[PDB]
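Residue numbers (the authors' numbering), protein chains in the order written: chain A, 672 to 727; chain B, 784 to 839; chain C, 197 to 441; chain D, 21 to 35, 97 to 142, 327 to 355, 358 to 415; chain E, 20 to 76, 84 to 98; chain F, 2 to 117; chain G, 687 to 714, 723 to 784; chain H, 58 to 82, 92 to 99, 102 to 110, 117 to 138, 207 to 226, 233 to 250; chain I, 540 to 637; chain J, 1120 to 1175, 1187 to 1243, 1254 to 1286.
We treat Cβ as the ideally placed atom computed from N, Cα and C, and that holds for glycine.
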Amino acid sequence: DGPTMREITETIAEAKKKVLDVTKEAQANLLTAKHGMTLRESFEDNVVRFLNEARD
Amino acid sequence: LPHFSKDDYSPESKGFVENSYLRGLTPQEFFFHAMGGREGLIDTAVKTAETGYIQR
Amino acid sequence: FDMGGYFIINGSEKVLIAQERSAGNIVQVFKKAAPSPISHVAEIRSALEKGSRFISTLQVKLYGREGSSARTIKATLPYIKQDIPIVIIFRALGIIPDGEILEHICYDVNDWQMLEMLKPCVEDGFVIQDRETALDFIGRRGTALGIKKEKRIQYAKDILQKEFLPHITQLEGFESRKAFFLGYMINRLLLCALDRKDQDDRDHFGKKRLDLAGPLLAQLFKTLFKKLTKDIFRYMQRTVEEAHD
Amino acid sequence: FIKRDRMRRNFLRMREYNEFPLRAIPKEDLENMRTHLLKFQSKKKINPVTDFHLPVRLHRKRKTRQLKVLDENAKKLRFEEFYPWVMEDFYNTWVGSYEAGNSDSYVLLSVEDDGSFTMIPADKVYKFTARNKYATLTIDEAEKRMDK
Amino acid sequence: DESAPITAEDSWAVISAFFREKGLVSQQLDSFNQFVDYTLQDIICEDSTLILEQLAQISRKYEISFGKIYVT
Amino acid sequence: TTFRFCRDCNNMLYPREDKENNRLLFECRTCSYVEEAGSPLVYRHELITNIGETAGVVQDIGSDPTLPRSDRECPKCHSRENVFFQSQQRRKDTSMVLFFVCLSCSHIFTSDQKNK
Amino acid sequence: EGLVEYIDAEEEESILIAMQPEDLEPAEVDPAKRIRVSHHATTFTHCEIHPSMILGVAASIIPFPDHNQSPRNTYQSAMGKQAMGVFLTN
Amino acid sequence: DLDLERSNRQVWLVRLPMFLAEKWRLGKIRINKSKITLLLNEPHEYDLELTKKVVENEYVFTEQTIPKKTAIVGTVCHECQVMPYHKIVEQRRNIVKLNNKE
Amino acid sequence: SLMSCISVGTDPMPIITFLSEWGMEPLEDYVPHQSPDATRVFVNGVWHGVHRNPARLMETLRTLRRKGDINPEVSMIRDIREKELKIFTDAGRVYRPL
Amino acid sequence: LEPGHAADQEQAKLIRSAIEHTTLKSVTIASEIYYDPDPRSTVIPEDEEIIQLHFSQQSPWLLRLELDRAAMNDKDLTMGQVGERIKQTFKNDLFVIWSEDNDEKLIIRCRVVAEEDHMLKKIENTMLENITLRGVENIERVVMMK
Ligand SMILES: [Zn+2]
Ligand SMILES: [Zn+2]
């Protein structure tokens, strides 16, 4: 239905805003990675986690 | 792909397929989906080729 | 609607499938994750554009793992057994001073890292300081069929003028050019060792060359033509030797 | 949403100065002498031949019926002259080598006493190298000293 | 007008003008034709000369060389 | 580290300890050319390398179409037309700090808000 | 006349290609159409003739392959080399 | 018996274009005081650039173990290069890219 | 792919001859201390020399490449960061029209 | 871990600090060699403070190095215990000095009883690679998990 399509569009849009925010915080060097991984690994885990969360 | 800018970490350019199979897919998404399909076929082929030797 | 594009042999429609191979005359660098003393390899498959089909390939090896000191550079040469350092080859190419060698390898005086890693090669290049002693060194190292030294120094020089880098050209006097190209390959090897450039990708489709009927029939007709000439000359020598018509 | 296959009907229904002259030296002097070039490789800026002192000397240092391969002309004439020259006194040493690539187009504009110039085509070009500055060597002594 | 931007469908026409010129299997025809045109003369001319060296006791020689090749 | 070469010999100047006057010197072992020392430093390893991140910066970097475009102003000339790119030093632990390159004064100002 | 140019995989490293002409070149929605990218990039040096040309001969027979998964396009591309038909008239 | 004649003679080395060089295989140079040209005979005038101002360690000799007669000419004074109705020369340069084989 | 073709190879001699007419300095005359910002020119992997003006030269080779003088099968790349300009006219490359 | 010391983060930090391999190269930002003939007096104007404190026949050549304070934190270390480790490594042949934790610049200097530079450079390799500050061998990246 229409409203469901709009809820999916907003669900993906919120995840896109999250990936953009984590992207800006990563480009500004304001996010410290956890123990065991580097900045790029934690960033990719956050982006992939947000995208899979929005898809689910 | 040579259709995006350099040093782009946006999720859309990194492989996220926000479209669905009902409305079709874009070329830059169909290419990555083809990569995933070929990877699936190769992985299944290797898993079978080793599964036979393990079975023997 | 017959598209054509195939051959007919013995009533059978034969098709020559397009073959795929790698390109040549391009400097490549790779890493070695094995416990081998070589850390990076600078391979370059040199061959002419037309004729002979050369297979000789030059290799510039970097010894010593990361962390350990005394990381010298030694490049192999065709027909020469053991590997020869790059600076000694520079002495054999006519360049005796070392400041000119560092001027050909590294093109930036402000950078101290590459010049710093050049030091051991400048030490072994201090051990052998003469061009004549370098030509006699490569003459005594590889190819022992010369026996005489006076013919092995000129023979080694002819190796450096002909077999060394078949591309560009094979004439005498092009040692300065090949010195600049060699310093360029060393600059790419050490520049890849400083983690400033990634390992050269071989899966790039632009670095791959396809072969249709043209190249295949060029190799085939080339070898068959060589055999034809050799056989014709064999008949000539038989004719003049056996004294007949 | 359908393939438009009626395009045939649509297309069918739609359609202060100083001037000084130049001269060419007669070819007799060109037949007498061949002009070569000099380039030094010692980094020192000056190095004239007057400071090279005297006496300056530049001198060049049974089978049956079988098969031969072949070879051409100019390459053979350049291959037979494999003896490089040297300039010394009686001490400084300069040994030159061929340049080959720097042949191409090189015209000499020799300046005489008058403002005019004399143009001479360059035959070859050589790179002279100052040899034996330090004065040392060894051969087998270096081959055994490099084995440590 | 004549200086107006093209559309997406119009591009198909271009593709037509491509396949009318090349064809679906033009690479084999162009490569083979270039082989027959230039590669034959290049292979024949790159190593045609062979000489026999004859000795007598006065020296003697013989030579055979291949020129322009002919195809039927 | 930033060593000199000999005169005429052009060989590298190995360090020589002067025990008479007790001072550093620079020698050439091929010849007898020994010059004084203007610094006691000889060798610097520098393990953690941070240089090379801004490598390959040319005068014609503003005419690259593959490079992106941003609207952030320069702290010097205040020009919002610039081209940004990350570090050129390729390594695993290399941060993703952007490098802003103004298209007017050719200044390289980064976007790091923690350390500048 | 300088209106179309060949590009290999080496020159492709130094060019910026656009997909649709009348969708990415000019500067600025029904929910049934697919979502596309933006036109923030200005330095477009080249443009794709048509994306459907990236497929081979066997995949070209597929109707609406975008709405179908890739391994089915591969299986159909494999079954298209053995179906019954008329190869020639002679 | 090698003898240096003078070496005091000053010679200028010139890198000419191929058609005029092969033609030389006479004009009048006009020295404009830091820009100098050349008025050939009817025909073009040519600006010659001061390629290398300081040009030491370079000389010129002639020739009349096997010692031969060696004579010294003069020192090299300036490194130069001739620079270039230019549309006809540009068309000839475009025209040289049309060589074919039978 | 439906519009992909294979190159056939041309002749690099007219290009090398055409480069030296616009001031392409030969390789043997190169000094990195007198011309550090010179762009290296590569023809089929062979380093023939450098040039101190790759902008106007590249524009000239591109304009003459689009007019039909140079064979369109020749692919020329200008790597800025690497400071190189590769020229590929060898047979075997796969290209596509755009 | 033990049932008695369960659900404790500090104890697990002590165990991790007791088994995780650490080396001197881990903490090292850079090193540099100096010619300083007089054993006691130092030409370097900064280190004079150290000279004033850590003092109150030997090699004229100086080996010096600087450590990352962040490395001294993430991997808990003391300039003292480090100097202890080196002193009990090479024993008495190599004299040792190290800067204080209070110093905003962490400094370590060492000397010995042909050229001295080559000897120092050998000792540099031994220092970076062959010294393990703490932890048992072949243990890395200990991860806390609940
Ligand atoms: Zn010296
Ligand atoms: Zn600015």
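Query                                                                                                                          : Result
Coil, strand or helix - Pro16 (chain F) by DSSP                                                                                : strand
Any heavy atom of ligand 2 within less than 6 Å of residue CB: hits in chain order                                             : F:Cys75, F:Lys77, F:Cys78, F:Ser80, F:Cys103, F:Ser105, F:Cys106 and F:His108
Per DSSP, cross-strand counterpart(s) of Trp69 (chain H)                                                                       : D:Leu376 and H:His220
Closer than 8 Å to chain C by CB, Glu1277 (chain J)                                                                            : no
Neighbouring residues, chain C, relative to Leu782 (chain G) (Cβ below 9 Å)                                                    : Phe197 and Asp198
Sufficient close CB pairs (3 or more, under 8 Å) joining the segment 379–391 of chain D to the segment 21–33 of chain E        : no
Near ligand 1: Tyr34 (chain F) beta-carbon under 7 Å from a heavy atom                                                         : yes
Under 9 Å from the C-beta of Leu702 (chain G): neighbouring residues of chain F                                                : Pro66 and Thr67
Nearest-angstrom Cα separation, counted from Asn717 (chain A) out to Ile25 (chain E)                                           : 43 Å
Proximity below 8 Å, CB of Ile355 (chain C) to CB of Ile269 (chain C)                                                          : no
8 Å contact criterion, which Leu1273 (chain J) and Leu1207 (chain J) should meet: CB distance rounded                          : 6 Å
Closer than 8 Å to chain C by CB, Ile545 (chain I)                                                                             : yes
Neighbour list for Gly295 (chain C) in chain F, Cβ cutoff strictly below 7 Å                                                   : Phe6 and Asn11
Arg240 (chain H) versus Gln278 (chain C) - alpha carbon distance                                                               : 53 Å
Length of the line joining the Cα atoms of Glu239 (chain C) and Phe627 (chain I)                                               : 19 Å
Through-space distance from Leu73 (chain H) to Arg82 (chain H), alpha-carbon basis                                             : 12 Å
Secondary structure of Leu289 (chain C), DSSP reduced to three states                                                          : coil
Short-range partners of chain F found in the segment 1147–1159 of chain J, where Cβ spacing is below 7 Å                       : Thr1147, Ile1148, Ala1149, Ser1150, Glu1151, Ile1152, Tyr1153, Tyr1154, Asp1155 and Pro1156
Other residues of its chain near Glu82 (chain F): CB distance less than 6 Å, five sequence neighbours each side excluded       : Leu104
Any non-hydrogen atom of ligand 1 closer than 7 Å to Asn242 (chain H) Cβ                                                       : no
Proximity test, Cβ basis, 8 Å: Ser264 (chain C) and chain K                                                                    : Chain labels in this structure do not include chain K; the protein chains are A, B, C, D, E, F, G, H, I and J.
Among G:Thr783, G:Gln763 and G:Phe781, the one whose alpha carbon lies nearest that of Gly819 (chain B)                        : G:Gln763
Contacting positions in the segment 40–58 of chain F - beta carbon closer than 8 Å to chain J                                  : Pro41, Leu42, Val43, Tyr44, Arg45, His46, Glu47, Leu48 and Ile49
Between the CA atoms of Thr578 (chain I) and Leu624 (chain I) - distance to the nearest angstrom                               : 8 Å
Option nearest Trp350 (chain D) by Cα separation, candidates D:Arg138, D:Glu97, D:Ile106 and D:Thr403                          : D:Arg138
Residue burial classification, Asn98 (chain H) (beta-carbon count within 10 angstroms, cutoff 16)                              : exposed
Chain C contacts made by the segment 689–713 of chain G, where a contact means CB separation under 9 Å                         : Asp694, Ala695, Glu696, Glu697, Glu698 and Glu699
Contacting positions in the segment 402–416 of chain C - beta carbon closer than 9 Å to chain I                                : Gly402, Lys404, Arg405, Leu406, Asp407, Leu408, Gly410 and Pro411
Option nearest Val582 (chain I) by Cα separation, candidates C:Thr253, C:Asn221, C:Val256 and C:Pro233                         : C:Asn221
Within chain I, the residues that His740 (chain G) reaches when beta carbons sit closer than 8 Å                               : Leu637
Cutoff 8 Å: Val1242 (chain J) Cβ touching any chain F Cβ                                                                       : no
Element boundaries [alpha helix (DSSP H), containing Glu696 (chain A)]                                                         : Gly673 to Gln698
Nonlocal neighbours in the same chain, by C-beta distance under 7 Å from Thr1219 (chain J), ignoring five residues either side : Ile1271
Per-residue burial, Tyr348 (chain D) [other beta carbons within 10 Å of its own, 16 or more giving buried]                     : exposed
Residues, ordered as in the chain, of the segment 358–376 of chain D that lie near chain F by beta-carbon distance below 9 Å   : none
Residue(s) in a DSSP beta bridge with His140 (chain D)                                                                         : D:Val351
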